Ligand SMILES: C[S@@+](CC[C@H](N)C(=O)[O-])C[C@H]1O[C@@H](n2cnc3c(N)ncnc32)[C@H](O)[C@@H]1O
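What follows is a single chain, given as structure tokens, in the form solved without the ligand.
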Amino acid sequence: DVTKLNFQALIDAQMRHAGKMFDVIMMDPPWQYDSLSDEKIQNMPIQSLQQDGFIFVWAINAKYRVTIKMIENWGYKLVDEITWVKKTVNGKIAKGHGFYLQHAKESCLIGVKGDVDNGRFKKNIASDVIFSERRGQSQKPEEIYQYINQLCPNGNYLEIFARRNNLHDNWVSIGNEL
């Protein structure tokens, strides 16, 4: 709605695919385009979307601490963090007595619940930092999708609120390969 989304169709469609819920959830919430209040985001039925696995939630500095609490409340244990270190910078003036502009960054908090000591999930992989392919891109970097794939090869993943790619505004498409 985004107040309302068909999670039930999502739940049943996936329970039929695999007989179990998602391996990884990534959330890219629209913190205050359209926005969602912190409460509405917390209120989402994440607990019914996953029983075992990881949750990845994107937060800027201002929503970092509330994203921790949110993940903890849904029943996860916070165990990792990835930083998108961007090619852009924050504003046009260096902070304090500095000369160079402050780089932009976003944090992705990572929680775990349930049984994840299987070979299904892999430890000691990839890197805890990701990079843009193009300075100023609006879509999240392809490396976060790679690093999730590495974490649970061949698993099932769900993303909620994926940010759009700026480049494709003014494009319509039909017949997309699925």
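Throughout, rigid core stands for the largest set of C-alpha atoms superposing within 1.5 Å between the two forms. All residue numbers refer to positions in the sequence shown, first residue = 1.
Separately, the form solved in complex with the ligand exists; it is not shown, and the next lines address it.
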Pocket accessibility when the ligand, as posed in the entry with it bound, is superimposed onto this form, judged at 2.4 Å from backbone or C-beta: blocked
Contact residue in the entry with it bound, chosen from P45, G114, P153, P30 - any heavy atom within 4.5 Å of the ligand: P30
Among 121 to 129, 62 to 70, 47 to 55, 136 to 144, the region lying within 4.5 Å of the ligand in the entry with it bound by heavy atom distance: 136 to 144
Contact check for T88, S107 and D169 against the ligand in the entry with it bound, heavy atom at 4.5 Å: no
is_contact(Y157, the ligand) in the entry with it bound, heavy atom dist at most 4.5 Å: no
In the entry with it bound, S173 touching the ligand (heavy atom, 4.5 Å): no
Contact label in the entry with it bound: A162 to the ligand, heavy atom within 4.5 Å: yes
Exceeds or equals 2 Å, Cα of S138 between this form and the one not shown, core fit: yes
Core-superposed C-alpha of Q102 shifting 2 Å or more between this form and the one not shown: yes
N154: Cα shift of 2 Å or greater between this form and the one not shown (core-aligned): no
Direction of C-alpha distance change in the entry with it bound, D169 to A62 (at least 3 Å): farther
Closer or farther: C-alpha pair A62/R163 in the entry with it bound, relative to this form, given a change of 3 Å or more: farther
